[PDB]
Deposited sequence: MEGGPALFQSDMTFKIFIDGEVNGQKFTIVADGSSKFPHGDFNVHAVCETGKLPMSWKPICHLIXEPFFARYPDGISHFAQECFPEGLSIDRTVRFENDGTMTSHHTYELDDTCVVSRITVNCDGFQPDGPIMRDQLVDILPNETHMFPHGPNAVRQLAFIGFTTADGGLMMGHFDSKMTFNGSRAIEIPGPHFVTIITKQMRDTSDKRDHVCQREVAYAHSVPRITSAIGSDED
């Protein structure tokens, strides 16, 4: 084969982000380590226009669904999209603040994964927690995956960020992964992917950047057999 067959070796991956936020175009390149059976992987990403013009927090999701660990019995869409690869459209709407809108595309490089991304960030508060970099932590979460028509899936998530003064900035994440190819592909039934993420600027680098860790795995949930028995 195959699709998930391709993913049984250890893996590297490459991320070319080409973003902007309220005007300031920037470029971010990152590259990647994920060891079979995946589920746990770290990213080094380097801001190539020197300094990043806003927080690195909201970048987390931008910097690899195929690397989530799936149990047998839940079909691994993101992995089955290969080799044809997949695209992603995604909005994240932060309350009383801005909206990221990414478009990602992905290509397999026999055992590498090239990821090429546009992201616009607009209507954002320049005085707010993302620009003033008042974003303390990134709450873990149970993202919801749903079958989206014949060749895609949808990922819905609430992304929690803790504010300087110990509040909460809530983001609404709506993301659609679509298979590029023409052949048939199984759309898994409704499930979840748990995503746990830790971020930080690798203190030994002259150029703005960060290291990032993510644990991410799929599960389903109980079924009820009857409403009395």
Next item on the list: Extract from the deposited sequence all ranges with no corresponding C-alpha coordinates, numbering residues from 1.
Entry: 1, 65, 232-235
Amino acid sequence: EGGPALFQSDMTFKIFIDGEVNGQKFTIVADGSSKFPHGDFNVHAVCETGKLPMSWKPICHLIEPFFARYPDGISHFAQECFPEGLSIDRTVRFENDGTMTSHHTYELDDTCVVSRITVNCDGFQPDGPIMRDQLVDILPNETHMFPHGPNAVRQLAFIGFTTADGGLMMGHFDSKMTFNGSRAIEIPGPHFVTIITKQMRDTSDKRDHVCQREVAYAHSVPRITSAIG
From here on, numbers count along this sequence of modelled residues.
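Superpose the two forms; the largest set of C-alphas matching within 1.5 Å is the rigid core.
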Notebook entry, point to check: Comparing 20-28 with 211-219, which has C-alphas lying farther from the shown form in 4 other deposited structures of this protein once the core is aligned?
Noted result: 20-28
Checklist line | Greater root mean square CA deviation, 193-201 compared with 171-179 in 4 other deposited structures of this protein, core aligned | finding: 193-201
Checklist line | Per the entry, higher mean C-alpha B factor between 66-74 and 38-46 | finding: 38-46
Notebook entry, point to check: Between 142-150 and 89-97, which has the higher average C-alpha B-factor in the PDB entry?
Noted result: 89-97
Next item on the list: Please pick out which of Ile159, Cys81, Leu156, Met131 has the largest Cα B-factor as recorded in the entry.
Entry: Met131
Margin query: Looking at the temperature factor on the CA atom of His219, which third of the chain's modelled residues does it land in?
Written below: lowest
Checklist line | Third of the chain, ranked by Cα B-factor, where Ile59 sits | finding: middle
Notebook entry, point to check: Which third, lowest, middle or highest, does the CA B-factor of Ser33 fall in along this chain?
Noted result: middle
Notebook entry, point to check: How does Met169 rank on Cα B-factor within its chain, lowest, middle or highest third?
Noted result: middle
Check: Sorting the chain's CA B-factors, does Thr194 end up in the lowest, middle or highest third?
Finding: lowest
